[PDB]
Amino acid sequence: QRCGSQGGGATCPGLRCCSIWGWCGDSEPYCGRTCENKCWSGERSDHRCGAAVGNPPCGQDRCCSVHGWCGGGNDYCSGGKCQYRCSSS
């Protein structure tokens, strides 16, 4: 969908990255240099994620687990273990 300043001020469904052009996605055009919000660079230094820390992004190839931490691989990204930005699902 549409998001951010181009799209009415919406956050992306699934806490995906909002590009500067106002569209949601998960790839570098959306999440990297041309990202407007929930970008790869916005992951907390302590890597917490989830609702308790205001649903911050995780970095590239990292996923927010159901326990509230960003990380990579199955324990963070795969079915049942991932609550958003799931690089698997």
# chains A, B, ... in the order shown; residues from 1 in each chain; ligands from 1
$ select_by_dssp --residues "chain A" --states "alpha helix (DSSP H)" --output "list in words"
residues 28, 29, 30, 31, 74, 75, 76 and 77 of chain A
$ residues_around --residues "residue 33 in chain A" --least-positions-apart "3" --cutoff "12 Å" --atoms "only C-alpha atoms" --output "list in words"
residues 17, 18, 19, 20, 27, 28, 29, 30, 36, 37, 39, 40, 41 and 42 of chain A
$ write_last_selection --atoms "N, CA and C atoms" --output "PDB file, in the first residue's frame"
ATOM      1  N   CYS A  17       8.722  -1.507   5.290  1.00  0.00           N
ATOM      2  CA  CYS A  17       9.406  -0.231   5.024  1.00  0.00           C
ATOM      3  C   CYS A  17       8.554   0.604   4.086  1.00  0.00           C
ATOM      4  N   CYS A  18       8.545   1.904   4.347  1.00  0.00           N
ATOM      5  CA  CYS A  18       7.828   2.836   3.496  1.00  0.00           C
ATOM      6  C   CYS A  18       8.889   3.582   2.708  1.00  0.00           C
ATOM      7  N   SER A  19       8.902   3.484   1.382  1.00  0.00           N
ATOM      8  CA  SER A  19       9.906   4.179   0.597  1.00  0.00           C
ATOM      9  C   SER A  19       9.623   5.684   0.603  1.00  0.00           C
ATOM     10  N   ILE A  20      10.565   6.493   0.111  1.00  0.00           N
ATOM     11  CA  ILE A  20      10.347   7.935   0.010  1.00  0.00           C
ATOM     12  C   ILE A  20       9.249   8.245  -1.001  1.00  0.00           C
ATOM     13  N   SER A  27      12.427  -4.716   0.098  1.00  0.00           N
ATOM     14  CA  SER A  27      13.693  -4.773  -0.611  1.00  0.00           C
ATOM     15  C   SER A  27      14.454  -3.484  -0.378  1.00  0.00           C
ATOM     16  N   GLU A  28      15.707  -3.438  -0.793  1.00  0.00           N
ATOM     17  CA  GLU A  28      16.537  -2.250  -0.665  1.00  0.00           C
ATOM     18  C   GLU A  28      15.910  -0.945  -1.172  1.00  0.00           C
ATOM     19  N   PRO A  29      15.230  -0.808  -2.340  1.00  0.00           N
ATOM     20  CA  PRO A  29      14.542   0.409  -2.755  1.00  0.00           C
ATOM     21  C   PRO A  29      13.573   0.936  -1.725  1.00  0.00           C
ATOM     22  N   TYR A  30      12.985   0.024  -0.959  1.00  0.00           N
ATOM     23  CA  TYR A  30      12.044   0.395   0.063  1.00  0.00           C
ATOM     24  C   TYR A  30      12.646   0.624   1.418  1.00  0.00           C
ATOM     25  N   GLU A  36      11.845   5.876   3.793  1.00  0.00           N
ATOM     26  CA  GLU A  36      11.329   6.972   4.567  1.00  0.00           C
ATOM     27  C   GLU A  36      11.055   6.575   6.014  1.00  0.00           C
ATOM     28  N   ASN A  37      10.498   5.396   6.272  1.00  0.00           N
ATOM     29  CA  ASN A  37      10.267   5.002   7.652  1.00  0.00           C
ATOM     30  C   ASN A  37      10.167   3.487   7.725  1.00  0.00           C
ATOM     31  N   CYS A  39      12.775   1.663   8.446  1.00  0.00           N
ATOM     32  CA  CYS A  39      13.875   1.338   7.549  1.00  0.00           C
ATOM     33  C   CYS A  39      14.860   0.435   8.258  1.00  0.00           C
ATOM     34  N   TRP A  40      15.711  -0.207   7.472  1.00  0.00           N
ATOM     35  CA  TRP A  40      16.708  -1.118   8.001  1.00  0.00           C
ATOM     36  C   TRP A  40      17.608  -0.396   8.983  1.00  0.00           C
ATOM     37  N   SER A  41      17.960   0.842   8.707  1.00  0.00           N
ATOM     38  CA  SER A  41      18.838   1.582   9.593  1.00  0.00           C
ATOM     39  C   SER A  41      18.206   1.940  10.934  1.00  0.00           C
ATOM     40  N   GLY A  42      16.899   1.722  11.130  1.00  0.00           N
ATOM     41  CA  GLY A  42      16.200   2.169  12.320  1.00  0.00           C
ATOM     42  C   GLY A  42      16.146   1.121  13.438  1.00  0.00           C
TER      43      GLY A  42
END
$ atom_distance --atom1 "CA of residue 7 in chain A" --atom2 "CA of residue 23 in chain A"
7.6 Å
$ residues_around --residues "residue 55 in chain A" --least-positions-apart "6" --cutoff "9 Å" --atoms "only C-alpha atoms" --output "NGL selection string"
:A and (15 or 38 or 48-49)
$ write_last_selection --atoms "C-alpha atoms" --output "tab-separated table (two decimals), in the first residue's frame"
chain	number	residue	atom	x	y	z
A	15	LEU	CA	5.55	-2.95	9.68
A	38	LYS	CA	10.53	1.58	9.33
A	48	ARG	CA	14.36	-4.99	20.89
A	49	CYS	CA	11.29	-4.89	18.63
$ residues_around --residues "range 74-77 of chain A" --least-positions-apart "6" --cutoff "10 Å" --atoms "only C-alpha atoms" --output "number ranges by chain"
A: 61-68, 83-89
$ write_last_selection --atoms "N, CA and C atoms" --output "PDB file, in the first residue's frame"
ATOM      1  N   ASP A  61      17.620  -8.492   6.458  1.00  0.00           N
ATOM      2  CA  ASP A  61      17.537  -9.929   6.672  1.00  0.00           C
ATOM      3  C   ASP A  61      17.350 -10.286   8.119  1.00  0.00           C
ATOM      4  N   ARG A  62      16.755  -9.417   8.905  1.00  0.00           N
ATOM      5  CA  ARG A  62      16.490  -9.720  10.276  1.00  0.00           C
ATOM      6  C   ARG A  62      14.995  -9.552  10.415  1.00  0.00           C
ATOM      7  N   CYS A  63      14.426 -10.213  11.426  1.00  0.00           N
ATOM      8  CA  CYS A  63      12.997 -10.322  11.600  1.00  0.00           C
ATOM      9  C   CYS A  63      12.721 -10.130  13.049  1.00  0.00           C
ATOM     10  N   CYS A  64      11.545  -9.647  13.395  1.00  0.00           N
ATOM     11  CA  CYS A  64      11.183  -9.417  14.759  1.00  0.00           C
ATOM     12  C   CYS A  64      10.495 -10.650  15.303  1.00  0.00           C
ATOM     13  N   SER A  65      11.089 -11.300  16.296  1.00  0.00           N
ATOM     14  CA  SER A  65      10.520 -12.544  16.772  1.00  0.00           C
ATOM     15  C   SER A  65       9.350 -12.266  17.689  1.00  0.00           C
ATOM     16  N   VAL A  66       8.565 -13.314  17.968  1.00  0.00           N
ATOM     17  CA  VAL A  66       7.442 -13.194  18.861  1.00  0.00           C
ATOM     18  C   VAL A  66       7.847 -12.825  20.285  1.00  0.00           C
ATOM     19  N   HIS A  67       9.149 -12.996  20.635  1.00  0.00           N
ATOM     20  CA  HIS A  67       9.614 -12.637  21.962  1.00  0.00           C
ATOM     21  C   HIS A  67      10.060 -11.189  22.017  1.00  0.00           C
ATOM     22  N   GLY A  68      10.107 -10.479  20.894  1.00  0.00           N
ATOM     23  CA  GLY A  68      10.416  -9.065  20.937  1.00  0.00           C
ATOM     24  C   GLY A  68      11.876  -8.724  20.686  1.00  0.00           C
ATOM     25  N   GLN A  83       6.938 -12.336  14.355  1.00  0.00           N
ATOM     26  CA  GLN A  83       5.727 -11.546  14.425  1.00  0.00           C
ATOM     27  C   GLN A  83       5.711 -10.448  13.370  1.00  0.00           C
ATOM     28  N   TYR A  84       6.836  -9.933  12.845  1.00  0.00           N
ATOM     29  CA  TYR A  84       6.771  -9.024  11.700  1.00  0.00           C
ATOM     30  C   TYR A  84       8.103  -8.934  11.008  1.00  0.00           C
ATOM     31  N   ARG A  85       8.069  -8.512   9.729  1.00  0.00           N
ATOM     32  CA  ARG A  85       9.191  -8.375   8.804  1.00  0.00           C
ATOM     33  C   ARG A  85       9.795  -9.762   8.715  1.00  0.00           C
ATOM     34  N   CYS A  86       9.011 -10.738   8.227  1.00  0.00           N
ATOM     35  CA  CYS A  86       9.464 -12.106   8.369  1.00  0.00           C
ATOM     36  C   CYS A  86      10.323 -12.842   7.373  1.00  0.00           C
ATOM     37  N   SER A  87      10.953 -12.308   6.311  1.00  0.00           N
ATOM     38  CA  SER A  87      12.023 -13.013   5.547  1.00  0.00           C
ATOM     39  C   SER A  87      12.113 -14.565   5.592  1.00  0.00           C
ATOM     40  N   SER A  88      10.934 -15.094   5.290  1.00  0.00           N
ATOM     41  CA  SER A  88      10.463 -16.473   5.332  1.00  0.00           C
ATOM     42  C   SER A  88       8.989 -16.066   5.579  1.00  0.00           C
ATOM     43  N   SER A  89       8.489 -16.108   6.835  1.00  0.00           N
ATOM     44  CA  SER A  89       7.130 -15.852   7.307  1.00  0.00           C
ATOM     45  C   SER A  89       6.866 -16.852   8.422  1.00  0.00           C
TER      46      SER A  89
END
$ select_by_dssp --residues "chain A" --states "strand (DSSP E)" --output "PyMOL selection string"
chain A and resi 17-19+24-25+35-37+63-65+70-71+82-84
$ atom_distance --atom1 "CA of residue 25 in chain A" --atom2 "CA of residue 56 in chain A"
15.5 Å
$ closest_residue --among "A:26, A:58, A:78, A:1" --to "residue 46 in chain A" --atoms "only C-alpha atoms"
A:58
$ residues_around --residues "residue 8 in chain A" --least-positions-apart "5" --cutoff "10 Å" --atoms "only C-alpha atoms" --output "list in words"
residues 2, 3 and 22 of chain A
$ write_last_selection --atoms "C-alpha atoms" --output "mmCIF file, in the first residue's frame"
data_model
loop_
_atom_site.group_PDB
_atom_site.id
_atom_site.type_symbol
_atom_site.label_atom_id
_atom_site.label_comp_id
_atom_site.auth_asym_id
_atom_site.auth_seq_id
_atom_site.Cartn_x
_atom_site.Cartn_y
_atom_site.Cartn_z
ATOM 1 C CA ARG A 2 0.681 3.667 0.198
ATOM 2 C CA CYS A 3 2.365 5.090 3.247
ATOM 3 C CA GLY A 22 5.092 6.419 -0.427
#
$ atom_distance --atom1 "CA of residue 35 in chain A" --atom2 "CA of residue 79 in chain A"
26.4 Å
$ closest_residue --among "A:11, A:80, A:5, A:21" --to "residue 57 in chain A" --atoms "only C-alpha atoms"
A:11
